[PDB]
Number of protein chains: 6
Amino acid sequence: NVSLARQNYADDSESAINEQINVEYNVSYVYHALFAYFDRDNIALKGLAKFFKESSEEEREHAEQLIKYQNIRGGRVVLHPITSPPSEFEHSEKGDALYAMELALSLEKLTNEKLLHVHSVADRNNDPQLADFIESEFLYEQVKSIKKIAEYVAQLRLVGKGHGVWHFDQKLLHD
Amino acid sequence: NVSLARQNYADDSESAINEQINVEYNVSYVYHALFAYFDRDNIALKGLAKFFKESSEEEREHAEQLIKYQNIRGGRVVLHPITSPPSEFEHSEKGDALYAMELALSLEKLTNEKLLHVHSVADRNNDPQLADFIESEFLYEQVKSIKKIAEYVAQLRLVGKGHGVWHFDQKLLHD
Amino acid sequence: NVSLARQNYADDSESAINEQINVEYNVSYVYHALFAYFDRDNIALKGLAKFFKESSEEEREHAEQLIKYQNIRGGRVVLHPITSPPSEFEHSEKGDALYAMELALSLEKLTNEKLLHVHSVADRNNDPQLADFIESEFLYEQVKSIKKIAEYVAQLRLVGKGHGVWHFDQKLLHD
Amino acid sequence: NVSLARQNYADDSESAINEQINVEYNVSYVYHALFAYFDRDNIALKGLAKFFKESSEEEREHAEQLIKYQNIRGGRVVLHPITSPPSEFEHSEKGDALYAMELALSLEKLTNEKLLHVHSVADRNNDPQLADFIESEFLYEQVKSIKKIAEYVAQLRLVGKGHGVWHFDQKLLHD
Amino acid sequence: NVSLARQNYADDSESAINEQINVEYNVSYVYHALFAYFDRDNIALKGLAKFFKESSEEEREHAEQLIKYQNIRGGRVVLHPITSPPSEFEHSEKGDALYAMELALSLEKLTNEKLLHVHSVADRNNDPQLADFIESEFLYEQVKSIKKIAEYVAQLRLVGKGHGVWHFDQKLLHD
Amino acid sequence: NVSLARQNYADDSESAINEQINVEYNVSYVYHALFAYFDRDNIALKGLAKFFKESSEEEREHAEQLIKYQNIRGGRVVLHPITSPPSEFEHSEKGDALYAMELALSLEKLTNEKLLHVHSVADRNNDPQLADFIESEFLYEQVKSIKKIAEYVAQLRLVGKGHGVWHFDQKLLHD
Ligand SMILES: [Mg+2]
Ligand SMILES: [Mg+2]
Ligand SMILES: [Mg+2]
Ligand SMILES: [Mg+2]
Ligand SMILES: [Mg+2]
Ligand SMILES: [Mg+2]
Ligand SMILES: [Mg+2]
Ligand SMILES: [Mg+2]
Ligand SMILES: [Mg+2]
Ligand SMILES: [Mg+2]
């Protein structure tokens, strides 16, 4: 029936973790839609495809880590529906590549906002282990990832459409 | 914005592949709910949890392989919603372990049924490349997986609840 | 009682596989009779003996693979009687060696005809996995084996009886 | 067309060796039916299946060794029909595993009885080479195999049906 | 003078294979004309030259594989004329590189159409071995090749004429 | 768009190189027809097949070297049609092997005559680099190949038909 491990773990904290699992899965799914777009033969931006596919795997790993954490604390994992992401990332004015990177950046900042919410739930329930788990396993990697993608945005704006985007994509491919 | 690779690839086949991606993703998600249940401290069947987690990873890799195939043929990948799986796999008369394994078996047979439909879609559109992709990459591995899981069901019925289930789980844990 | 794996597997397909198991065993047994003849001290064609003994092992391995396949699909293996092969392969006009190779060739073509029958049973029962299993695991190796033995027939006809047969046998021995 | 090697080798002994080849082949075939039964998905005793498959291979290698011996002595090898073995080894009161092992034990004792007759055939024809071939290559290995299988029968009676049988099977699987 | 191997091999299948051999040779020859053009000192696109030269060698290897297959099945190889390809691939609007890569794409799709025709001939003559040979040895490699070249077309359109084309060519050279 | 490398390179020399490219391709094609004949299951001369296959590859490599040379000198490669070779090489009185080796000898001496023509075109046009290219890259290998094949003709005449030809062929196979 009941968890024998659960201790100092509030219903609201359990719920916030189940919510964060769903955020990470949904963002993982959008990254996989981004991979599927740039992997098309008529788009053919293989570095962007690779980067978005690796980002999809990374976010799913975050989701799996939170599932494991939930059970460590004795909460119960509830897996919520995963929403259908858009399929098309065409943007004639910005170029598809810059538009996709700007969307990835907004994806990372949304994830960060959600993580900061989990942290506030932990603090208001006096759960220092949950607060530390979020800080040490997610918050620092999240701001590093935000800065990295913001740098890609800046570089894609600098090189311009056409040859420059293709070249930035080759740099992404071989990193 | 049109595929330059696409040839002899019907919209019928394109949609069946997008449906199969969704089937594999949903089955992967159910396997992750099964992992999350047996990973609970009060269930504590580590072999079952490991088997279902690795099954979840395998089904996700099937989805990603079909995504890449779609783009090879010049179809457009559409990622459909992933439905929320059940969280509870308690069953007093069968025991949780036998019940979960019988559910895994029906998951694999449902996947096989969907795969056989994709193959008939290929045949009816005279798409021998798609037919052979399904046969060579999925259909043989699928009947092997169904037999493996039916063997686990038989072994779980033989050893009985309690000590026997825990012992079967340890064997799974070390496979 | 009943197979839990069996799915899309017709009674006629199960029967055709049990029949093919018996074909492979019977051909394996005739190859072993061929080995036993050329291994006689007064025949003393050690390359032919070796080739026929390895062919006997190969065909028995085919029989064992079909037994395993039957259980993978959830059919029930029925092992039918194995017929007594002839013991003597003397042929004064052709020479024993050429006569035995021509018989091996007819053995391989009979096996091929039986395999093509299994395949037709699979197609008429809409069993694409069985059809692919036969194609990918048997049909290609079978035509390669038929061409190889036909080449031995042609070479044995070319070298002629006596010294030439003994020499061709030495070539077979060291391959 | 006559053997130049044959010496002190009675037709009595030649026929007894051809009979022993047939005994080993029939026992090998029964062991393969036992493999095919325990390899079923609803039986799923992998250790038993492996033991019986390796027993089938061992008995076939005995047949092939006797074929080679026949030709060493200058007898003519005759390969007799191999009879269809039973397919079903279900036994509610003993349990399938104990029943099958007791059948294996009687198979080995029947083989031993046949071997002892071949030895008496050698003795009554003053064929000390044949007698010593039987003693050195078969009779000691045969009593060792009978004792090993009688030990398996005793262990299967001790552990009882259900969990115990599955556990004994796992020990067999890792031997 | 007659094939002893030939079995279940229709005259129409033999002809379709001989036609496919000629298609592979003609495509190989056109690739060699593309190599000879981009290897000119005043064109000097080394990566495209290398790619077209390796494509010519691989298409010739396909022709040789089909020759060997014809003899495995016991048909007779007939080698037909290889027609003269164009020598000039100058295109002012598209640029030579994009024009040549679009031409390569249509050559691969033309080969694919002929392969699918051979497949249909095999199906119509109930030749599952020939159907499987085309599927497993040619059709999958062909769709991968078509996607690769369509990706090259997309990249050549993205980078534009002049510096971009030269840069894409360097990428192709070192891959 | 004109060659910037071309220097002291006469139109007649350019044309003689394009003619020689077509000579090597046609000879290569005939060697492939010889391979396809001796690769038949009812001919089964594996050494002759291997020799003619590698001769075909060698002559095609000569053609490609002449293509590269043409571009080094600034001429334009023109690829002419490749005529259809014979498919049958049966000769009852000589035997197929001796007849085919005598045909290869004629092929090599014809190629030699064409090369000596290219050399005389170079001399008439005071093109010492072309003359030296032909001398050092082709003429010496050509007389060595001619002597090699003449030696094969003499050995095939000496061993006679049947066992001798098969034996010579085995020697060729292991060279
Ligand atoms: Mg994350
Ligand atoms: Mg801290
Ligand atoms: Mg799957
Ligand atoms: Mg076989
Ligand atoms: Mg296939
Ligand atoms: Mg024995
Ligand atoms: Mg080439
Ligand atoms: Mg090709
Ligand atoms: Mg040459
Ligand atoms: Mg010189």
Side-chain angles (χ1 to χ4, degrees), chain A residues 1-7 9 17-18 21-22 25-26 28-44 46 49 52-54 56-57 60-61 63-64 66-92 96, chain B residues 1-7 9 17-18 21-22 25-26 28-44 46 49-50 52-54 56-57 60-61 63-64 66-90 92 96:
Chain A
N1 183 330
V2 61
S3 171
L4 300 184
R6 191 178 179 162
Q7 183 184 24
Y9 198 55
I17 286 292
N18 281 330
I21 288 164
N22 193 248
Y25 267 133
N26 272 287
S28 176
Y29 209 33
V30 179
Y31 273 128
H32 225 314
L34 283 167
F35 160 78
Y37 180 84
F38 288 94
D39 185 56
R40 293 177 182 181
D41 71 82
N42 58 293
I43 304 298
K46 308 198 74 80
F52 291 140
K53 168 164 266 275
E54 296 186 340
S56 175
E57 169 166 86
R60 174 189 40 80
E61 289 176 352
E64 282 157 29
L66 292 163
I67 289 169
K68 284 191 294 179
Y69 182 76
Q70 185 77 290
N71 281 332
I72 286 168
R73 294 299 303 276
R76 283 192 183 182
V77 177
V78 178
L79 295 174
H80 296 297
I82 303 176
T83 281
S84 179
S87 61
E88 312 308 303
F89 301 94
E90 186 179 33
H91 195 297
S92 47
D96 302 358
Chain B
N1 58 349
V2 62
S3 167
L4 294 193
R6 190 170 185 164
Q7 181 184 23
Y9 193 57
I17 286 294
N18 281 334
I21 294 163
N22 192 243
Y25 268 130
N26 276 288
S28 175
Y29 207 35
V30 176
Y31 274 128
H32 229 139
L34 284 163
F35 161 74
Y37 180 84
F38 289 98
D39 188 54
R40 292 177 182 179
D41 70 82
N42 59 290
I43 307 298
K46 306 293 238 170
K50 183 162 94 71
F52 291 139
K53 185 184 72 160
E54 286 177 4
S56 182
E57 156 169 78
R60 181 191 41 82
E61 291 168 346
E64 302 168 358
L66 290 157
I67 287 169
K68 276 149 77 171
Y69 182 77
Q70 184 79 283
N71 278 337
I72 285 169
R73 295 297 306 275
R76 306 313 201 194
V77 176
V78 186
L79 300 175
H80 296 304
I82 303 171
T83 62
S84 177
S87 62
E88 308 309 304
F89 303 94
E90 180 168 340
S92 292
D96 306 359

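Proteins come first, then strands; the chains are lettered A, B, ... in the order of their sequence lines, and each starts at number 1.
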| remark: Counting heavy-atom pairs under 4.5 angstrom with chain A, the leader among B:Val78, B:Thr83, B:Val2 is B:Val2

| Contact summary for B:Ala5 and A:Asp41, nearest pair of heavy atoms | N-OD1, 3.4 Å

| task | Check whether the side chains of A:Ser3 and B:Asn42 place a donor and an acceptor atom closer than 3.5 Å, and report yes or no. | result | no

| request: Quick one: pull up OG in A:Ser56 and CZ in B:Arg60 and give me the separation to the nearest 0.5 Å. | output: 8.0 Å

| chain B contact via A:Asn22 - which portion, at a heavy-atom distance below 4.5 Å | side chain

| request: Quick one: do B:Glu64 and A:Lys53 satisfy salt bridge (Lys or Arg N to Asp or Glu O under 4.0 Å)? Show the steps, please. | output: CA-CA 10 Å; B:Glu64 302 168 358; A:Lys53 168 164 266 275; 3.5 Å; yes

| When only pairs under 4.5 Å are counted, which of A:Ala36, A:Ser87, A:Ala49 shares the most heavy-atom pairs with chain B? | A:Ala36

| field | Minimum side-chain heavy-atom gap B:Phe35-A:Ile67 below 4.5 Å | value | yes

| query | Of all heavy-atom pairs between B:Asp39 and A:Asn71, which one has the smallest distance, and what is that distance? | reply | OD2-ND2, 3.0 Å

| field | B:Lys50, NZ atom: more than 12 neighbouring heavy atoms under 6.0 Å | value | yes

| For A:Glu90, is it the side chain, the backbone, both, or neither that has a heavy atom closer than 4.5 Å to a heavy atom of chain B? | side chain

| Between A:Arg76 and B:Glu88, is there a salt bridge with N-O shorter than 4.0 Å? | yes

| said: Heavy-atom pairs under 4.5 Å with chain B: which of A:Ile82, A:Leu4, A:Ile43, A:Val77 has the most? | reply: A:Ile82

| message | Checking the side chain of A:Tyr29 only, and the main-chain atoms of B:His80 only, is there a donor and an acceptor separated by less than 3.5 Å? | response | yes

| message | Is there a side-chain contact between B:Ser84 and A:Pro81 in this structure, where contact means two heavy atoms from C-beta onward sitting under 4.5 Å apart? | response | yes

| note | What one should report as the nearest heavy-atom pair of A:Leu79 and B:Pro85 is O-CD, 3.6 Å

